[PDB]
Amino acid sequence: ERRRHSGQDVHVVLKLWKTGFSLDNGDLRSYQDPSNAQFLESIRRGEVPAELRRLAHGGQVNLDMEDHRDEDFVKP
């Protein structure tokens with residue numbers, strides 16, 4: 001319906017490691033770290049912890065979850 005309200009958009013990519021999740025060049029975040037506050041909350045609903053704070057401003061952003069559990073950050 002109604003649209004065309006802005007050009008730029010809030011997009012980001014967060015990968016999920018065995019027990020940690022990353023996001024863009026940023027380093028790997030700890031599922032229990034701080035940034036995981038909006039990541040776990042937003043990523044769970046569908047928003048990025050950083051790019052959403054820039055545009056979303058609460059917890060709403062389009063992110064791409066990279067599938068790499070048994071292939072990335074193998075804690076075990």
# chains A, B, ... in the order shown; residues from 1 in each chain; ligands from 1
>>> residues_around(residues="residue 54 (chain A)", least_positions_apart="5", cutoff="12 Å", atoms="only C-alpha atoms", output="PyMOL selection string")
chain A and resi 8-12+47-49+59-61
>>> residues_around(residues="residue 15 (chain A)", least_positions_apart="3", cutoff="10 Å", atoms="only C-alpha atoms", output="ChimeraX atom specification")
/A:20-24,28-29,63-69,72
>>> write_last_selection(atoms="C-alpha atoms", output="JSON list (two decimals), in the first residue's frame")
[["chain", "number", "residue", "atom", "x", "y", "z"],
["A", 20, "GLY", "CA", 28.05, -16.84, 18.90],
["A", 21, "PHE", "CA", 26.64, -14.64, 16.13],
["A", 22, "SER", "CA", 28.51, -12.15, 13.89],
["A", 23, "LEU", "CA", 27.32, -9.17, 11.83],
["A", 24, "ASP", "CA", 29.14, -7.54, 8.89],
["A", 28, "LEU", "CA", 31.96, -12.27, 16.41],
["A", 29, "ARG", "CA", 29.41, -11.43, 19.13],
["A", 63, "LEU", "CA", 18.91, -9.10, 8.05],
["A", 64, "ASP", "CA", 20.36, -12.17, 6.31],
["A", 65, "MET", "CA", 21.03, -15.08, 8.71],
["A", 66, "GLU", "CA", 24.13, -16.94, 7.46],
["A", 67, "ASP", "CA", 23.78, -20.69, 8.09],
["A", 68, "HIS", "CA", 27.14, -21.95, 9.41],
["A", 69, "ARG", "CA", 26.83, -23.70, 12.80],
["A", 72, "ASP", "CA", 31.85, -21.71, 11.62]]
>>> atom_distance(atom1="CA of residue 73 (chain A)", atom2="CA of residue 18 (chain A)")
6.3 Å
>>> closest_residue(among="A:39, A:33, A:26, A:19", to="residue 52 (chain A)", atoms="only C-alpha atoms")
A:39
>>> closest_residue(among="A:17, A:35, A:30, A:42", to="residue 57 (chain A)", atoms="only C-alpha atoms")
A:42
>>> atom_distance(atom1="CA of residue 55 (chain A)", atom2="CA of residue 7 (chain A)")
11.9 Å
